[PDB]
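Note on naming: letters A, B, ... go to the chains in the order of the sequence lines (proteins, then strands), and numbering restarts at 1 for each one. Just the heavy atoms: all of them, side chains too, but no hydrogens, waters or symmetry mates, feed the values below.
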Protein chains: 2
Amino acid sequence: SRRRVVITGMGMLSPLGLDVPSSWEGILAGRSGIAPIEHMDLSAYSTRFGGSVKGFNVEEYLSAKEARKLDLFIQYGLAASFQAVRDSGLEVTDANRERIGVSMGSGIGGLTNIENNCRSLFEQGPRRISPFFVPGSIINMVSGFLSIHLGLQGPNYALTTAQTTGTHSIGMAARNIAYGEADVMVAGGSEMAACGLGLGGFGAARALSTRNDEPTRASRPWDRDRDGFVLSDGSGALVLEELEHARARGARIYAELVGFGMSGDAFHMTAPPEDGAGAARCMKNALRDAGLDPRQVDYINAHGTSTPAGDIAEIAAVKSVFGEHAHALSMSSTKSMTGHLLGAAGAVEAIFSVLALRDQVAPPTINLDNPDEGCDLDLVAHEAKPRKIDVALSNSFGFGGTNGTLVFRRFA
Amino acid sequence: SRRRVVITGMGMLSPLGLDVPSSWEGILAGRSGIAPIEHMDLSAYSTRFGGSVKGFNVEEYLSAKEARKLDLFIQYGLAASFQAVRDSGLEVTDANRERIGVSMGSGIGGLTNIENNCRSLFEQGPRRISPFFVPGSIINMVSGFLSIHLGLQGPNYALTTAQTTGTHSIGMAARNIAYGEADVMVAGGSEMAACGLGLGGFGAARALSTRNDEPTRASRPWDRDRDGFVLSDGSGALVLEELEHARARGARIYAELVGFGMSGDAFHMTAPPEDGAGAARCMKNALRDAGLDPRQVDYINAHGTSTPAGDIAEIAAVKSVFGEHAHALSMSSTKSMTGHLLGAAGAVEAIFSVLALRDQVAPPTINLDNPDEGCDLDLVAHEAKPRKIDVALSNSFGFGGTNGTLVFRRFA
Ligand SMILES: c1cc(-c2ccc3c(c2)OCO3)n[nH]1
Ligand SMILES: c1cc(-c2ccc3c(c2)OCO3)n[nH]1
């Protein structure tokens with residue numbers, strides 16, 4: 001019968017920092033992590049900036065020997081997972097290793113590695129494809145490599161639900177624990193889609209901001225002058241743990257995960273419906289799961305991608321779910337600062353939602369100069385808002401019309 | 001307490017046929033689906049054969065327009081899903097669409113599309129990349145396009161656990177139903193990795209059979225002369241349905257899904273441990289989930305990839321779990337005939353496991369001319385074996401040491 005799930009550790013790489021506290025400092029100061037991309041030449045691309053991880057040192061985590069075989073998205077996911085496990089104080093033993101699993105996902109996985117191996121195949125033939133190509137690129141290898149390195153023998157899997165991946169990964173891992181399949185899960189996501197195919201592919205869709213001349217102002221969720229999402233890289237990982245298991249070892253508990261919701265829009269492969277009907281069904285599912293009155297929601301970390309249709313669909317969903325209470329809660333998009341980490345977006349934003357609870361502060365939506373038609377909620381424009389937060393909601397929406405919602409609340 | 005889950009519809013593309021009954025006829029007749037790959041210069045490659053889908057007609061399912069937008073692995077996953085839903089007789093309505101979800105996975109997803117868009121990018125720069133590249137390639141678009149086409153609004157997600165994907169997809173879909181989030185799930189996987197990058201990537205790891213002279217004899221699980229797996233394409237989809245929901249509409253019920261187990265080896269990135277300790281924990285977990293004693297198992301659909309290390313680990317795991325019953329059950333690898341459909345393997349093998357129950361027959365392990373050292377179990381060498389099958393297991397073991405086991409039982 002259903003057990004309670006708490007957050008005992010968190011880990012992050014973001015455009016704002018190489019761990020959680022440095023990233024969070026940036027979030028509260030309204031700092032942008034968006035900058036012209038340096039790691040390749042983008043003059044032929046319509047978008048030439050993004051949220052890069054700056055000065056990532058893989059030798060903090062892994063031998064250069066192991067690191068050379070692994071796509072950046074895996075290195076990022078391992079870095080966040082190691083931070084989270086360390087942060088939790090958990091010790092893996094013969095007695096508990098069968099009860100500790102991992103669910104680290106990605107939307108696009110090792111696209112850089114695939115691209116580089118395609119260049120080898122085309123220029124030099126199949127004999128120049130790396131022996132490590134497959135195991136070094138495929139999305140489940142964060143879960144695989146973490147399990148091997150720490151000896152985790154519990155449920156081992158990976159989700160890929162595009163921009164919903166991080167949220168789904170954390171929610172479903174919570175279900176493993178809640179219904180007895182595990183006592184501990186490392187869950188979240190990682191992404192490094194900043195290669196020609198990624199920047200080119202999203203550019204071909206006309207889905208990215210093309211504000212090349214002012215990249216820090218590009219991500220402007222709900223602003224009347226928004227022109228698409230900013231592509232960003234990184235990872236979030238949380239250690240989820242059964243409550244009595246956490247209490248028994250004297251674990252520090254950041255917050256409790258009380259609700260998870262899933263729904264499909266069944267509308268369009270890439271566009272959300274204008275009324276946010278699927279997002280609304282998903283949040284209602286999460287709130288019922290948490291046994292909450294919707295008026296208990298204090299803070300929503302929006303998906304808030306800075307797309308014309310996405311941002312307005314979220315306002316409509318929130319008004320539909322919360323009615324007049326929509327005007328009392330605070331909703332912000334931290335993508336205003338971080339840009340869109342795709343399959344890692346829900347993971348880093350779940351962490352920001354837990355830290356909004358710990359610190360009693362709504363992070364800002366930066367660049368919200370001229371709220372668009374109907375964007376008349378408290379969107380925490382420009383500056384962090386200290387306020388009472390008992391219950392925090394994190395939303396994600398993705399290609400295929402796939403929605404996820406997490407509900408966190410303070411733990412007493 | 002927990003709801004019961006039954007199988008009411010199945011769908012498939014495999015190297016043996018363009019649907020379930022044609023595929024199953026091939027299996028019971030010991031037919032091989034393996035042949036030299038066509039319309040592709042494989043001169044430079046060490047492996048020039050595999051399990052192709054032959055004569056697939058996507059316009060039975062999709063318009064020309066919508067098929068041009070979707071990688072083959074998506075076309076395949078949609079063909080199996082449409083088949084399964086048609087086979088179930090289910091009627092989608094406004095009253096039930098919120099209770100119907102999708103979990104169709106893939107190990108690698110749209111490699112063919114990635115290869116073709118790489119060519120455009122390298123030859124002509126980013127502006128020639130298809131606008132539909134991303135949504136036409138990413139792994140969650142079978143779940144996405146299926147939900148949009150049929151108006152399915154329930155849980156929408158996608159697993160990617162390499163060669164375990166199809167087993168995990170069905171087991172986790174079964175949990176959605178058992179725990180009351182959905183009444184129906186379409187679940188399974190699809191794969192089309194037979195492009196240069198696929199054949200080249202596995203080839204560079206030297207994980208494929210190079211028996212180019214005798215392709216139909218290449219896949220030979222537990223045979224002393226095996227030299228790695230055979231790469232195959234296709235899809236499996238099952239309609240999973242809550243028992244009372246199926247009975248209330250007079251659904252034909254093929255079998256009951258009674259058990260799902262997961263585990264991680266936490267051993268190696270690509271090889272299982274010698275003793276199959278991980279596969280053994282996973283089978284014990286699935287049997288405990290089903291409330292069944294090992295003695296009650298009659299038939300096992302092995303992973304049985306034809307790798308030196310993998311085949312012998314599964315013998316060790318079955319002897320460990322089953323002890324004095326290990327010789328009385330029948331265990332066969334249908335990969336002897338289909339080859340290895342990677343993320344779709346667990347999907348088509350769950351279907352073969354359900355049909356072994358329906359028809360009371362253990363499919364053969366073909367090419368098993370000379371069992372290897374300690375491969376002395378009933379491996380159903382050469383020809384199908386009619387027998388009592390009340391309980392059937394389907395195992396998958398993948399890169400990352402990720403393990404899944406499904407337990408099916410006869411329904412009355
Ligand atoms: C568009 C499609 C993809 C893609 C497709 C399949 C995948 C994947 C990435 O990495 C895993 O195998 N990335 N961008
Ligand atoms: C693995 C997944 C689940 C699951 C799935 C869906 C659910 C749920 C539990 O509780 C409410 O909706 N349990 N074990």
Side-chain angles (χ1 to χ4, degrees), chain A residues 2-11 77-78 80-93 96-106 139-140 142-159 161 165-190 235-246 248-249 251 253-260 343-344 346-347 350-351 354 394 404 406 408, chain B residues 157 159 161 168 171-172 175 179 260-264 266 281-282 285 400-404:
Chain A
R2 160 140 133 182
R3 305 186 302 164
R4 291 170 65 183
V5 179
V6 295
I7 308 307
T8 61
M10 305 189 286
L78 289 177
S81 296
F82 286 139
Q83 291 185 21
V85 162
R86 162 169 294 176
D87 184 39
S88 73
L90 193 71
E91 316 201 70
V92 184
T93 61
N96 68 11
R97 71 177 68 259
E98 290 178 29
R99 303 290 303 157
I100 311 163
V102 46
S103 188
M104 287 292 293
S106 181
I139 286 169
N140 68 305
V142 180
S143 289
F145 281 102
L146 186 70
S147 81
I148 293 167
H149 267 247
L150 297 182
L152 314 183
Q153 291 183 348
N156 194 301
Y157 65 101
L159 305 198
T161 56
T165 296
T167 298
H168 281 169
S169 294
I170 293 167
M172 291 195 198
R175 298 287 207 249
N176 297 126
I177 297 171
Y179 298 96
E181 285 138 35
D183 296 329
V184 187
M185 290 295 287
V186 185
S190 64
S235 52
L238 292 75
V239 172
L240 283 61
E241 186 166 357
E242 193 275 332
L243 176 51
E244 297 314 322
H245 192 279
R249 67 173 187 98
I253 296 167
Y254 287 107
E256 190 179 347
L257 181 41
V258 283
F260 171 55
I351 292 167
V354 170
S394 186
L406 289 162
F408 300 94
Chain B
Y157 65 102
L159 303 210
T161 51
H168 282 165
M172 278 177 216
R175 299 281 199 253
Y179 292 89
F260 178 47
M262 298 181 82
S263 78
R281 286 190 297 278
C282 179
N285 290 342
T402 184
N403 302 317

Within this structure, what is the CG-OH distance for the pair A/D87 and A/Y254, rounded to the nearest 0.5 Å? 3.0 Å
To the nearest 0.5 Å, what is the distance between NE2 (A/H245) and CG (A/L240)? 13.0 Å
Under 4.5 Å between any side-chain heavy atoms of A/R249 and A/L90, yes or no? yes
Which residue is it: A/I177, A/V5, A/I253? I am looking for the one with a side chain to side chain contact (heavy atoms under 4.5 Å, CB included) to A/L243. A/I253
What are the two closest heavy atoms between A/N176 and A/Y157, and how far apart are they? OD1-OH, 2.5 Å
CG-OG distance between A/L238 and A/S88, expressed to the nearest 0.5 angstrom: 11.0 Å
Between CG on residue A/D183 and CZ on residue A/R3, distance to nearest 0.5 Å: 4.5 Å
Closest heavy-atom pair and its distance - A/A84, A/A237: CB-O, 3.6 Å
Could you give me the CA-CA distance, side-chain angles and deciding distance for A/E242 and A/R99, then say whether salt bridge (charged side-chain N to carboxylate O under 4.0 Å, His left out) is met? CA-CA 11 Å; A/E242 193 275 332; A/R99 303 290 303 157; over 6 Å; no
Taking atom CD1 of A/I100 and atom CG of A/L146, what is their separation to the nearest 0.5 Å? 10.5 Å
I would like to know whether A/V142 and A/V102 meet side-chain contact (heavy atoms from CB on, under 4.5 Å); could you show each step before the answer? CA-CA 9 Å; A/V142 180; A/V102 46; 5.6 Å; no
How close do A/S147 and B/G400 get, counting heavy atoms only, and between which atoms? OG-O, 3.8 Å
Minimum heavy-atom distance between A/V184 and A/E241, given as atom pair plus value: CG2-CG, 4.1 Å
Does a sphere of radius 6.0 Å around CZ in A/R86 hold more than 12 heavy atoms from other residues, nucleotides or ligands, not counting ones at 6.0 Å or beyond? no
Test side chain to side chain donor-acceptor pair (under 3.5 Å) applied to B/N403 and B/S263, step by step: CA-CA 5 Å; B/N403 302 317; B/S263 78; 3.0 Å; yes
Heavy-atom closest pair (A/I351 atom, A/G236 atom, distance to 0.1 Å) is CD1-CA, 4.0 Å
Applying side-chain contact (heavy atoms from CB on, under 4.5 Å) to B/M262 and B/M172, what does each step give before you reach the verdict? CA-CA 10 Å; B/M262 298 181 82; B/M172 278 177 216; 3.2 Å; yes
Do the ring planes of B/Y179 and A/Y179 sit parallel (below 30°), tilted (30 to 60°) or perpendicular (above 60°)? tilted
Hey, what do you get for CZ (A/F260) to OG1 (A/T167), rounding to the nearest 0.5 Å? 8.0 Å
Looking only at heavy atoms, which two atoms of A/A158 and A/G105 are closest? And how far apart? CB-CA, 4.4 Å
List the steps, then state whether side-chain contact (heavy atoms from CB on, under 4.5 Å) holds for A/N140 with B/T402. CA-CA 9 Å; A/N140 68 305; B/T402 184; 3.8 Å; yes
Before giving the answer on side-chain contact (heavy atoms from CB on, under 4.5 Å), spell out for A/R2 and A/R175 the whole-Å C-alpha distance, their side-chain angles and the decisive distance to 0.1 Å. CA-CA 9 Å; A/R2 160 140 133 182; A/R175 298 287 207 249; 3.8 Å; yes
Does A/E244, at its CD atom, have more than 12 non-hydrogen atoms belonging to other residues, nucleotides or ligands within less than 6.0 Å? yes
